[PDB]
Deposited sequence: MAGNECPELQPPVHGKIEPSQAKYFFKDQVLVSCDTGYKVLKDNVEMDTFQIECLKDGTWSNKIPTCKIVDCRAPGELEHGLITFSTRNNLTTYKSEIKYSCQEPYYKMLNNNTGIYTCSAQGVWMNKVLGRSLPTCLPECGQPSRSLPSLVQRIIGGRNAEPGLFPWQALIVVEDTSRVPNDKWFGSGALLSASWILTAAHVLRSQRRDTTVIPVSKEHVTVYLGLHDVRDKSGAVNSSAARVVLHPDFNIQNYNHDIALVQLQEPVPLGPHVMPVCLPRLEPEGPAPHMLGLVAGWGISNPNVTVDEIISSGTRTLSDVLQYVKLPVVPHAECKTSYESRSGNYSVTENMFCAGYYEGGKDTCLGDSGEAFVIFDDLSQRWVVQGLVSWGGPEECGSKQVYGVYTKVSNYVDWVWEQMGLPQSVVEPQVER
């Protein structure tokens, strides 16, 4: 059998069987090491067979080994990709790191975010495998620090302005509200802001079409740097009573979710405890209610009993409510559901404790006329349940 010549194995692979000499009708398999596939005619293969023809020629020349390429790694949501090297290799053994966008989002499980391009051409994380990490919004950490004073940009990032334009009435019936960001797609407020006004006692949510919400707004005159979204849905608390304002709490779902920024972040919800914030504890309240800039004030929570009994000489302050205010200037920025936020101890984040529900018709500062607040800790389960959280 006339003999075929010797074979050099391709860079990064082997031939088999490898023998000293090869003769007529001999078969060999060229294959590649782990990170590689045999390349020939633009097809990739695991093995390629070569045969020794009568005339001492081989059927093909020995082909080449291509390194495995995992291509562009999948993009991460609210996250970004850093390549382990400025070359941004995407081929075998190459390494990438996923990080969430900070400080607006934080990564779950503190998973490493380390993906390496595997032999099978798939970006692999030791734990998550092929599956990406998860970026969740960070709440209650304002990008500005605390310096009825005016409000600076980025101070109350969760602060939302609700604008309702009821166009089903002639002329258009228009009013304003205050909202607190819970996540990129949800605003918390008082049910009473979203109640459609009428002569009977039946409770009707305003129409979703008539609602628009602004975020990152400080000067109503400067809508620049401002985010605006219409309403996917309007949800009043199902037990809200327009008569005594019981269960005065509601959400607006945002049709087009907002970009978290230095002037737009959500506030954190309170744990589900039953007690009203301890008396004398100090909270913040920010609103416009009128004014063009946003303003805020520090207010102390007021012993429940005392508030309740003051509102006994005309309605009722229930255990789903707490009061804030002093017993006697203008520290009443809110008619309309503005949040009562308190900086939490442990967590070190701002927590919405209250939604402004009502107050006496009396003059702002009037003797023992305390602002009454929906106790948000009593509705969080309900709030998460609406948001699908739950």
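- Residues of the deposited sequence with no modelled C-alpha atom fall in the ranges 1-2, 150-157, 300-317, 343-345, 360-361, 424-433.
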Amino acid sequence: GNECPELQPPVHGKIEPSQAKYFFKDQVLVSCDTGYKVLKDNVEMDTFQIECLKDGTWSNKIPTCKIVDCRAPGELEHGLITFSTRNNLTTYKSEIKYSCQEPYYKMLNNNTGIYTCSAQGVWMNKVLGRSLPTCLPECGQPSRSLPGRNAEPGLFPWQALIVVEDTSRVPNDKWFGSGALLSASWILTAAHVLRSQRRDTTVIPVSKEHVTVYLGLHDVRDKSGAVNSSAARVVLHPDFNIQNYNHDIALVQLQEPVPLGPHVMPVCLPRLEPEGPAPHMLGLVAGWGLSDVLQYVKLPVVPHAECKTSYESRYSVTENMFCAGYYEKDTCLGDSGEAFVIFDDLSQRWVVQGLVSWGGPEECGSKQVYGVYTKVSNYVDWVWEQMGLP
From here on, numbers count along this sequence of modelled residues.
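- Of the two stretches examined, 51-59 and 38-46, the record assigns the greater average C-alpha temperature factor to 51-59.
- Between the stretches 275-283 and 226-234, it is 275-283 that shows the larger average CA temperature factor.
- Of the candidates 208, 263, 149, 298, the one whose C-alpha carries the top B factor in the deposited record is 149.
- As recorded in the entry, 109 carries the highest CA temperature factor of 178, 109, 94, 320.
- Among all modelled residues in this chain, the alpha-carbon of residue 380 has a temperature factor (C-alpha) in the middle third.
- Compared with the other modelled residues of the chain, the Cα B-factor recorded for residue 87 ranks in the middle third.
- Annotation for residue 315: C-alpha temperature factor in the highest third relative to the rest of the modelled chain, per the entry.
- Annotation for residue 201: C-alpha temperature factor in the middle third relative to the rest of the modelled chain, per the entry.
- Annotation for residue 334: CA B-factor lies in the highest third of the chain's modelled residues.
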